[PDB]
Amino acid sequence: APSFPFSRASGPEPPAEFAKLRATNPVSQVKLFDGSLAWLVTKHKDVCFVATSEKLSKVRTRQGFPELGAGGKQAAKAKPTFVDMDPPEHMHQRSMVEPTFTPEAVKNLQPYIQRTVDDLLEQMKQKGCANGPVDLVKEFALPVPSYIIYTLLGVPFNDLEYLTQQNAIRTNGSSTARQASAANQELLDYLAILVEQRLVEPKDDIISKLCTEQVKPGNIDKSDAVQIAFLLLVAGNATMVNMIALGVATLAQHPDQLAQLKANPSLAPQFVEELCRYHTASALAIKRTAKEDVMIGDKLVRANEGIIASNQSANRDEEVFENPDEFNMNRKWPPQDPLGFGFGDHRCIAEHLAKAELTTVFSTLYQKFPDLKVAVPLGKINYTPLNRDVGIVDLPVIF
């Protein structure tokens, strides 16, 4: 069994291992950091099965859960929320915050998403780049999703640097156990204060609804509200930042497609679809354990063994997406769903929100800055460590 997770082949590419596995060993065992063996699923059909099987559990502290690092064990000590639940507990709590993320709710949020993007881009225009390139991440990719979720949750914009820093320390593989633990607690303490404020004086935000609709009536306690707020604050935000940055790098890498997008910003939706398939910025989150013996592919997975379903590999499945390793926003989509946002009950609660933010970004960015260019050779882009999910730390640009 090979050590897992695997490292990306190069900055923007997925691990080279997946291709061989899909072709000759689709469901296999891998060796985790603690010496335990877990099952790696690489084919689209199998990942979909894993995401929908009633025989598998999402419970993180359940016996056999496949933590990928020593830090995982500590994170798992967090109070369980819907992301760690199976039916009926799952939807019982997820339904408490789902209203904000429905297709209808996201559609009504469009004017605000547009304004948020418009304002951030205008500031870049005013700051200019006469004295050199600016970091698209810090000035745009970072504040776009951050400001939106902060408004939805009820978090003050001024705390962007602090909250971003603390979560970075918490999830950074280079952080000592102590440093990561302190960071996680600073995040909870911060949100506890906010939840307490809303219990006394509610506003029209997610935290407030949790308070008036669930806490006061005694359906969940104060600590549950804090954990839910924590989950919505930390899950996916950094991933959105990376997706925006990766989208810009991809367009610079595919000049012909950028030309099409500039000529017609209405192509943004299809660009976003290919982006979410090609760059699977969340590739190690679909993890489960078998409640009982069950067949996954042609392999018998025994009760309590861990499973890791790679939606990244599924998105590069050559038996589903033609010429999978080529980025082409003009591809004709097959009947099979791309899995950038997962599948089944746990499919990203913010899928509609995320795609709207990305669609707004890519239908506006080049209209605002038609001459936007990545200011460093593409081969020199500062990507995230190869042993982690694909992303970009900073992206110098001119316009």
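Note that residue numbering follows the sequence shown and begins at 1.
Peer 1: For the higher mean C-alpha B factor in the entry, choose 41-49 or 63-71.
Peer 2: Stretch with the greater average CA B-factor: 63-71.
Peer 1: Using only the Cα atoms and their B-factors as the entry lists them, report which of 26-34 and 363-371 averages higher.
Peer 2: Result of the comparison: 26-34.
Peer 1: If you compare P145, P324, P111, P156, which has the highest Cα B-factor in the entry?
Peer 2: Checking the PDB record, the top C-alpha B-factor among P145, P324, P111, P156 is at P156.
Peer 1: Highest CA temperature factor in the entry: which of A177, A283, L261, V226?
Peer 2: Answer, based on the entry's C-alpha B-factors: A177.
Peer 1: When the modelled residues of the chain are sorted by Cα temperature factor, does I398 land in the lowest, middle or highest third?
Peer 2: As the PDB entry reports it, the C-alpha B-factor of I398 lands in the highest third of its chain.
Peer 1: Sorting the chain's CA B-factors, does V390 end up in the lowest, middle or highest third?
Peer 2: Lowest third of the chain for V390's C-alpha B-factor.
Peer 1: Compared with the other modelled residues in the chain, in which third is the CA B-factor of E122?
Peer 2: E122: CA B-factor falls in the highest third of its chain.
Peer 1: Would you mind ranking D337 by its C-alpha B-factor against the rest of the chain and naming the third, lowest, middle or highest?
Peer 2: CA B-factor rank for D337: middle third.
Peer 1: Among the chain's modelled residues, which third holds the C-alpha B-factor of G297?
Peer 2: Top third by C-alpha B-factor.
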